Every structure is written in structure tokens, then in C-alpha cells.
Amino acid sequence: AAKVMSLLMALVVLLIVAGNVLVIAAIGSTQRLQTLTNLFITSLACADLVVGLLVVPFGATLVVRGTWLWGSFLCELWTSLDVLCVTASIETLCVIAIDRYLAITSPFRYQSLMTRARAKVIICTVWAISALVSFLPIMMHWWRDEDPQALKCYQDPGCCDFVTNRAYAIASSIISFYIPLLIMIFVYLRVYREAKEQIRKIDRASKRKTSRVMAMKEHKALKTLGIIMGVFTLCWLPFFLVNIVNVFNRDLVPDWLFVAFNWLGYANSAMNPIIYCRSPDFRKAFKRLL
């Protein structure tokens, strides 16, 4: 187990850095890939890349050694960088859902509505929000619990557990995960509803001569739309569900499972290159890069 667990963490960091480096390289190097949507994909890839370089590796050690080897300052700063990048990943995922919703349902309105400069502001907003959810509260100790047993971890530099007060845990989890999850569900459900209402209008248009059935394109779209909500939810719902659970009754869910679910969330950062960069221009770029 502990030999296999250590090996498993290694390729997770490899997959994350490889994928996201490949994406950023492809977008930066290809004139054809520098679209509006891929600008938001670039934000996402940056976030997930920093996860693979700094965040996950230090998280790997803390599990393998069983303790924090780099002192209370870097514990805080690593924790702040972790929360920031995860917040920015999840919120950028949410922006992309919106961008594709508008690009598919209202394509002509969207072109005038969304400029490159407007997208840049949106990206900067997301990182600013991510910063203010992460660094500002964490470095200023607004997260801290009053509890003496929690305060023993804050005093010990070898302890780098993220034990938060009730208020932070709820607010930060809502802002970074639950609100984005709802927006993604709402947004992508209108994409489903728009497509299904449009298939209805074709059946009426025929004057009762044909009834449409799901073709190749519809089955794939619904699979794709599934993968997006599926992998995102699978990866972060467990960790963020448990994150609220421990606010009420801390003993119910064990520490090993809480950390196991956080590794599942780190796995998302490896999946995002696979989900969001399958376009034929991406595929061409990836082969040209390799």
C-alpha cells in the first residue's frame, strides 16, 4: 500500500505538469489556437500547472514523512497557494461553461458582448477573488479556530493541518466550490434545454411528417456535457462535502479519508487538459509539439 501510494502520487504530478505545460505551449505557439475561449483555457491551465509544480509535491511529502518539514511560514504560504490555485481552477471552469453557453446559444450577441479585453478583466477578477478567499484570510489568520487542540497545531511547526473555524470553512467552500458548481449546472442545463427545445421545433416544422431521434452528434454532446459535470463533481464534491461536515461534528469523517478526497481534487487538475483541449487545432498542435 504505502509503496504503491507513493508511486501513485508521482505520476499524478507528472500528468498534471505534462498536460498543462503541453496546453500552454500549444496555445502560445499556435496562432490558430489563440481564440477567446482558449484564453480562459489558458487561465485554467496556469492554475492547474501551479498545482502540479508547487502545491501537490509539498502535499506528497507531508503524507509520506507524516509531518511538515518546512516551518510555519511555508505551511501558511503553501496552504494559501493551494487554496488560491484550486479556487482559480474551479472558478475558471465555471467561466468556461458560461463562455460556451453564450457561444452556442447566442453566438452573434456573444461576439459583440464578449471582447478580448472583457475576457481579460474576467480572468483578473477570478484570480483576485481566488487571492482574497485564500491569501488574505489565511496569512492574516482569519481562518483560525479558538480550540486549544487546534491551537497546538498552530504552535507546532511540524503540524500543517488546515483546521478552520466554522465561518471560514462554510464561506470559503461556498465561494470556491458550491457557487461554481451551481452555476455550471444551471448554465450547462440551459445548453441541454436549448438543444432539446430546438429538436422539438424541428418535429413541429415537419407538419407531422418526421420525428427526430438522437443522432451521432447528440449522443456525443451529451457524453461530453456529462464528462465535464461528472469529472468536476467526482473530483471536488467529496472533499468539499466533507469540508462542511467537519464544521459540525469533526470526529465523524477520519483524517485519512479527508486527505484521500483532497488527492481526488488534485486529480482534477490532470483531467482538465484532457476534457477541455480536444479540438482539432489542439490535436494538430500537440503532434507538432511532440
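A residue's number is simply how far along the shown sequence it sits, counting from 1.
- Mean CA B-factor, 113-121 versus 185-193: the higher value falls on 113-121.
- Look at the C-alpha B-factors of 7-15 and of 266-274. On average they run higher in 7-15.
- Of the candidates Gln31, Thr224, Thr42, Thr233, it is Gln31 whose Cα B-factor is highest according to the PDB record.
- The PDB entry gives the largest Cα B-factor of the residues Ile129, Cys75, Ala103, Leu151 to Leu151.
- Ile244: CA B factor lies in the middle third for its chain, per the PDB record.
- Annotation for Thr164: CA B-factor lies in the middle third of the chain's modelled residues.
- When the modelled residues of the chain are ordered by C-alpha B-factor, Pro180 sits in the lowest third.
- Annotation for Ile138: CA B-factor lies in the middle third of the chain's modelled residues.
- The deposited CA B-factor of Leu36 belongs to the middle third of values across its chain.
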